[PDB]
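Visitor: Below is the structure I would like to discuss, written out as structure tokens.
Quick note: the coordinates plus some simple rules give every number you see, no bench work behind them. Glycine also receives a Cβ, built like all others from the backbone with ideal geometry; neighbour counts cover every protein chain displayed.
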Amino acid sequence: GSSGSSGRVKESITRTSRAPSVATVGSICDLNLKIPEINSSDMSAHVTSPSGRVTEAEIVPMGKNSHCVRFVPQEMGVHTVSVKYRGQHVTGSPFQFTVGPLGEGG
């Protein structure tokens, strides 16, 4: 029930859930992630489907502290990226984003 602001486990945390870019469907998408010196051989990128399927993603070599993931986020629902480093979810992980088809230009 309700608490008197004395200190109790959380129930529902309010957030934004907004992406810095738009994700498309059936097309290569470049995902930029601010990663430190950490390398890829140590990291692991895998996209999870709302059906229970797990895929693999490639981390193209950008720079010393830069990395890019190119993959085709195509599912029947919501897409969720699982980026863990040595068995630990990084900041903003897993990453959830909604996909949509490309209609007109503008």
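Visitor: Just to be sure, is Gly100 small (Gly, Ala, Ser), within 14 Å of the chain's Cα centre (by Cα) and exposed (fewer than 13 other Cβ atoms within 10 Å of the Cβ)?
Guide: No; evaluated as a whole, the condition is false for this residue.
Visitor: From the list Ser93, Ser41, pick out the single residue that is over 14 Å from the mean Cα position of the chain (by Cα) and either polar (S, T, N, Q) or loosely packed, with under 10 Cβ neighbours inside 10 Å (or both).
Guide: Within the list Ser93, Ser41, the selection yields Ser41.
Visitor: Looking only at region 47-80, filter to residues that are crowded, with 17+ Cβ neighbours inside 10 Å, closer than 12 Å to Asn32 by Cβ and of a type in the set (A, V, I, L, M); which one of those is farthest from the chain's Cα centre (by Cα)?
Guide: So the residue we want is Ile59.
Visitor: Would you be able to tell me the number of residues in region 57-79 that are in contact (Cβ under 8 Å) with a residue 12 or more places away in the chain and part of a loop (DSSP other than H, G, I, E, B)?
Guide: Looking only at that region, the number is 11.
Visitor: Determine which single condition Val25 fails, assuming it passes every other condition in (1) within 30 Å of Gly105 (Cβ to Cβ); (2) surrounded by 10 or more Cβ atoms within 10 Å (Cβ to Cβ); (3) out of contact with any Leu (no Cβ under 9 Å at 6 or more places or on another chain).
Guide: Single failed check for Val25: (3).
Visitor: Looking at region 80-101, which of its residues are in contact with a strand residue (DSSP E or B) (Cβ under 6 Å, 6 or more places away or on another chain) and either hydrophobic (A, V, I, L, M, F, W, C) or not in a strand (DSSP E or B) (or both)?
Guide: Matches in region 80-101: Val81, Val83, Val90, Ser93, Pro94, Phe95, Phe97, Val99.
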